[PDB]
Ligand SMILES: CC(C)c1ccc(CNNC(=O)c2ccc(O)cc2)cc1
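To begin, one chain is listed below as structure tokens, in the form deposited without this ligand.
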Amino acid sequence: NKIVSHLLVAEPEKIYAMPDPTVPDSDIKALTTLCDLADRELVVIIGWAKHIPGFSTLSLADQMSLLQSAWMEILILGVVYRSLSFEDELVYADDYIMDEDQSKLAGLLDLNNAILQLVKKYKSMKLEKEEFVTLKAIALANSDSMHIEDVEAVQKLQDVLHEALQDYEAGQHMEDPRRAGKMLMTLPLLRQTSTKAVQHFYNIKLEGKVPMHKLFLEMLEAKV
């Protein structure tokens, strides 16, 4: 399927967390590192979205609305995917892998446990890269922004990506004629986990102890 092949080639290079080796380990260090990484990933996500067939033909306001609604789901899906061959650890980046103990220290035990639940589900389904990239695009298109100008164009973008998923599954997974639907049925937990992450980091923002860069702040403010 061509849309799937295109999404695979459009998949961005990974980036490094680069935690500051001169700074003592603390909750503030961990959270600063993650927020800094997210800020840089957000730049990469914006560039990636322009490769999705039809996205750039939407008005700028609608492009903004989709990204404002979906950004954390896209970030989370990336962590989930990188974590699939790991056990009880989350690969935020190749140089930043959080186990349970580190999650507790960062005050992220509940959030990271929910992300691990998504990992566990996809592990059991043997999620493939083809399926990952297609679901990332579907999460963007299906992000439920209240502010869409051209609802019919957004529905068509949803349709295009949904068709690519169904087609991929029909060709590659004849053994399970419901596999496309099972993939779509993982989106509620992704949405739930994203909401949790957004609310947690917004609280962190309000508390004022973790410095945050401007893009990350902009995207956080737009969501709450």
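Residue numbers run from 1 along the displayed sequence.
Below: the form solved in complex with this ligand, not depicted.
Q: Using heavy atoms and a 4.5 Å limit, would one call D94 a contact residue for this ligand in the bound PDB entry?
A: Heavy-atom contact with this ligand at 4.5 Å: present for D94.
Q: Taking the shortest heavy atom distance, is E169 within 4.5 Å of this ligand in the bound PDB entry?
A: Heavy-atom contact with this ligand at 4.5 Å: absent for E169.
Q: Is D62 close enough to touch this ligand in the bound PDB entry, meaning at least one heavy atom pair within 4.5 Å?
A: Outside the cut-off, so no.
Q: Under a 4.5 Å heavy atom criterion, is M18 part of the interface with this ligand in the bound PDB entry?
A: Although this ligand is absent here, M18 would stay clear of it in the bound PDB entry, with no heavy atoms inside 4.5 Å.
Q: Mind telling me which stretch in 137-145, 121-129, 150-158, 67-75 gets its heavy atoms within 4.5 Å of this ligand in the bound PDB entry?
A: Correct option: 67-75.
Q: Can you pick out, from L58, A49, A180, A38, the residue that has a heavy atom within 4.5 Å of this ligand in the bound PDB entry?
A: The option sitting close enough to the partner is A38.
Q: Just give me the residues of 1-33, first to last, that have a heavy atom within 4.5 Å of this ligand in the bound PDB entry.
A: Going through 1-33 in order - heavy atoms within 4.5 Å of this ligand in the bound PDB entry - the hits are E13, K14, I15.
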